[PDB]
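Undergrad: Kindly return the folded structure for what I paste below:
(one chain, ligands or ions: 1)
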Amino acid sequence: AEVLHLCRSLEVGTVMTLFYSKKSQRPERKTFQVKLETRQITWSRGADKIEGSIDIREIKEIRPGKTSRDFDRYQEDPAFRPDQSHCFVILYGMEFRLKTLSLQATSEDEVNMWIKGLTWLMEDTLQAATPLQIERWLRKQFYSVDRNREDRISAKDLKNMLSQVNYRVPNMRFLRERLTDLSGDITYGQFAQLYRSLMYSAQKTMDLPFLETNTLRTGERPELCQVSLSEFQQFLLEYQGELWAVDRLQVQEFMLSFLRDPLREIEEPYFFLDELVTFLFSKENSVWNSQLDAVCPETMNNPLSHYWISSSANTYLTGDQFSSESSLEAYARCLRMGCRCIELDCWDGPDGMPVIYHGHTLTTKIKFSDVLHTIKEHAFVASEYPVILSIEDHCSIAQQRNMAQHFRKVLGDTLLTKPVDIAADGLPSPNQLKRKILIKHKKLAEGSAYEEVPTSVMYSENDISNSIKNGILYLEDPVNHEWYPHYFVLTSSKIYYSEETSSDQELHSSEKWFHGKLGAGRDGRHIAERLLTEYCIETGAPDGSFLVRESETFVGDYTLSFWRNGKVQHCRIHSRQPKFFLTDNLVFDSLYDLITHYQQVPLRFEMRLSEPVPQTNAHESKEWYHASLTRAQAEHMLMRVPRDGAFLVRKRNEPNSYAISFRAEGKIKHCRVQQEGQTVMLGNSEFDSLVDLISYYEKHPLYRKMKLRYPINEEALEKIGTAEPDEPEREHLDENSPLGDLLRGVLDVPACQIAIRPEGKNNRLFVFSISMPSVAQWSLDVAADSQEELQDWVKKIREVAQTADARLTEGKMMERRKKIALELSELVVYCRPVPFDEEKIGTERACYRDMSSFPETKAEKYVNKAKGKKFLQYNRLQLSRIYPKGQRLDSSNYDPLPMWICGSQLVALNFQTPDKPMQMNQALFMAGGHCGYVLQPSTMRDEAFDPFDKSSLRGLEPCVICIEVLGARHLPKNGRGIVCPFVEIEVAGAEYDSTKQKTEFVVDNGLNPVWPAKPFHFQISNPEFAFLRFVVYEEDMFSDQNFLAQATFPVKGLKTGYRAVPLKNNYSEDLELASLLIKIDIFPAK
Ligand SMILES: [Ca+2]
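TA: Residues are numbered from 1 along each chain as shown. The relevant structure is shown in the block below.
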């Protein structure tokens, strides 16, 4: 069909030029291909050596051109200059930040072919059929663990692969023994057949009212008995309630659509029992009614003040508000996900063009024309409804004319200049503002010059902006004395220092086969087999094994040994300064390559060595070890140190059990790790060696967010810099602080005296240590990286000591600020901020155009029993923007449900933060396919509704919902251990409906678990506004609740009967094959 030809042609491959993301790597030439078996894009180092490839499913957008970071980085040097019609970039990822791949071709036709083929492949693979998706998943999981396509995987490989997909295998020789190698141990067909057999057998305990009633359960393992068409014809009418099942033709079409098989297409379609059970979970059985995913033009004709428009704040950023970078990719992603309100913060630019960055903060600056271009490029790709640009300006006034001119010229007709209806008493409906962009700014008053009227912004409370001077200075480490970075802010009379912030953007010895020292002469000869012969008893070396290490009889050489025909030969490697070579063998530049070379050529005198062997006695030599150690001493050393995170390992009396003692929140915790032969485990998780365990946990969390960081030994305590030795000011809480939760201490400048230290500081040279003469034994040494900064900080601090506070009021009342320009202020026609007056609510003196802004703090004083009712009448006619308080330096969001129910529309969030409010915001907009606009229910638009009074609901029909979860399938992994999942259900809404109920937790099963029956009853008084949320938590060995997957749905558009619930991730991105099965019943008016 003129497309398969294109796909197969693309399968051939082509030679592209890759521009690496990292600056160090030079642009290079590679070979690219598309694999249609698993729908992958694969590039190879050479002709057929693949380097990792990517999945077509994750492709989020394809853009032709060179607008990417790598090209701009390399655009300077005139050696790899790109061309506007010979390069493109691929965007992929499942997070807010999208990874990019920058490619260059040789001709335009080649690029056109590639882009068209990839677009079509992505479109086809997106909406596939469940059996096809399962087949592709099997193919990927099989080949990925198969370096070649020979389709050969051993028993150990199958066991490990099963262990890697959240399913333990305690049944030795589990289930079946079809062949058991009685060359390919498990072919693809055998793999798929066994997969379906297991997925059916392990999930047979769930009892259904119709599946097992068809004279089934006789005992046949394959259960060839196929469900007839008529039984489905009746069932779909009985339980599911699909009226479409009345006609046989529609049912038959459904059968064919789900099946997608030609051989069975021509004879009375049927389902086998396994296929039926799999169909239960399929998206075709999804509880969410896909019919609602469209956008109804009827529900887009109300005044704009009613819709719960999306929003975001601090878009240019991509992380914490203090040191995160700024990029246009954030703007693109936010506009794509379905946002309609974004904020711009402008500052004076060196060349007359502003730069967008956070005021008085270490935020990387970006240009303005580039931001405008990105806005124009990604404005109406995901919708056709207006977007509002709120501008925060701090620039000059000539910069204001420049901004206005650039905006007009670039945006052309898309920018508003006239109002749709001057005489209209309400904001025009969204349909009237299709393909438009609104501009929001402080606006100029009816007078002249800078003017807002009150100017009395009396908040003026501590923050990153209203400070004497901020910056990043290092602090010493009492244990090992490393100058980690910290955040310093100089306030009027106090300073604040935060917790460490690490947030940012040999080979032969480390080799597994490298055993290190073994003995001295004869011991090495005999000990060599002592660590191998006793090891191979586990499984047995296939065609022998090998071991190599430093040679004993030959100093400066390595001895090579290998088991062969009941003999362990001894060899030597001649290391001559540098081309290492064996006896009468080709030279090799390194030992690592010397051994590897033998593993490629088929040395089968030529011996080919098998897989290497891991080592065990590697933890003993390390410092963090104690052969003998009792509890009391354990916690004594653990509490001796002043920092939290210290860890150590100790022996335990019963064999093969060790303990890890660590510190957290000023408390001791002990974790028991068991050992068995060639395995270790603190729980369901499995690790090869204790050294491997610590290394994995040295860079990954173990308990809560703590990370093993300080290895503790008597020497470390002896060299301890200071731990409250010989009253300090560590302090706690102090919530009302500039640094929100990041605060770690406080100090008062007036009582401090400053003395510079132009002396031999440890590896530092810019020090202005602070001393406390009032209380002896205090020295707050602070380092820096330049001479000028040290002087600037010191001078500012000294002024504080003799400041002699004389400011008129708290944080000043502001003064001549920007001299607002006419050009920039002329554009705004809607959404012009003004002060908030309570008396105007409900009167004839309030205009619909004006809005107001709340930093969640003056807002939390309106969402209450006394003010909720009055505040509700305000959002009916006017808008109201709510943004997070300045104290939140982690970008943490806030629960907006009270704000939404109260009627506020533009509830801005922080998209970069994957937290519960963001998930709720994403879920709420499902009604419309993320079009960005959702209409308010009819109940909230009545004169008697009250957000905090059940009886006020009047004549709304209540609802009673009965839920019973049967089981899960394909739960994602978390860390290394096997998840012990429990699914908790929650109803969210008003304060008088919110509730949560949790089930029990299954042990060591996450691939297909089923829970004991326990019907759940829920009651809702306001079905129109509610949210049903399933969260699959895991019960770790520390009795804590971690996050695996979530699924939130509005209650309005839900089906009945037996249903499947697809899962997602914390970022609201669909998972693959993960879902739940439930029985749901609704009893309206009962
Ligand atoms: Ca701002």
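Undergrad: For the single nearest residue of the stretch 851-1000 of the chain relative to the ion, the count of nearby residues, please.
TA: Proximity of the stretch 851-1000 of the chain to the ion (CB to the ion) peaks at residue 883, 7.8 Å away. Just so you know, the C-beta spots here come from the backbone N, C-alpha and C atoms, and that holds for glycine as well. As a burial measure, residue 883 scores 23 neighbours (other CB atoms under 10 Å).
Undergrad: ok, it to residue 899 distance?
TA: Look at residue 883 and residue 899: by CB to CB, to the nearest Å, they are 11 Å apart.
Undergrad: dump the residue contacts of the spatially closest residue to residue 396 that is not a sequence neighbour.
TA: Closest residue to residue 396 in three dimensions, ignoring its sequence neighbours and counting by CB to CB, 6 or more residues apart in numbering: residue 348, at 5.6 Å. By CB atoms under 8 Å, 6 or more residues apart in numbering, the contact set of residue 348 is 354, 355, 394, 395, 396, 399.
Undergrad: from these, which ones fall inside helices?
TA: Of the contacts of residue 348, the ones assigned to helices by DSSP state H are residue 399.
Undergrad: Return a selection command, for use in ChimeraX, containing the buried ones of the contacts of residue 348.
TA: Of those, the buried ones can be selected in ChimeraX as follows, counting by 16 or more other CB atoms under 10 Å:
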select :354,355,395,396,399
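Undergrad: What is the burial count for whichever residue of the stretch 51-200 of the chain sits closest to the ion?
TA: Nearest residue of the stretch 51-200 of the chain to the ion: residue 96, at 18.7 Å (CB to the ion). Counted by other CB under 10 Å, the residues lying close to residue 96 total 19.
Undergrad: so who does residue 629 touch?
TA: Residues near residue 629 by CB under 8 Å, 6+ apart: 650, 651.
Undergrad: scratch that, residue 609
TA: Counting by CB under 8 Å, 6+ apart, residue 609 makes contact with 544, 545, 546, 562, 595, 598, 599, 603.
Undergrad: just the helices in the stretch 201-350 of the chain please.
TA: For the stretch 201-350 of the chain, helices defined by DSSP state H, counting those that start in this stretch occupy the ranges 229-235, 248-259, 273-281, 328-337.
Undergrad: Please identify which of these is closest to the ion.
TA: helix 328-337 (14.0 Å).
Undergrad: other SSEs contacting the closest one?
TA: Other helices and strands packing on helix 328-337, by 3 or more CB pairs under 8 Å, 6 or more residues apart in numbering; DSSP states H and E, are strand 341-347, helix 369-377.
Undergrad: what angle separates the last one from helix 328-337?
TA: Meaning helix 369-377. Interaxial angle of helix 369-377 relative to helix 328-337 (axes from the mean of the first three to the mean of the last three CA atoms, to 10 degrees): 20 degrees.
Undergrad: what's the answer for the shortest one, then?
TA: Following the same axes, to 10 degrees, one obtains 160 degrees for the angle between strand 341-347 and helix 328-337.
Undergrad: list the contacts for residue 881?
TA: By CB under 8 Å, 6+ apart, the neighbours of residue 881 are 311, 341, 390, 851, 852, 853, 854, 906, 908.
Undergrad: go again using 10 Å as the cut-off
TA: Residues in contact with residue 881, defined by CB atoms under 10 Å, 6 or more residues apart in numbering, are 311, 313, 341, 343, 388, 390, 440, 831, 833, 851-855, 859, 904-908.
Undergrad: Cool, thanks, signing off.
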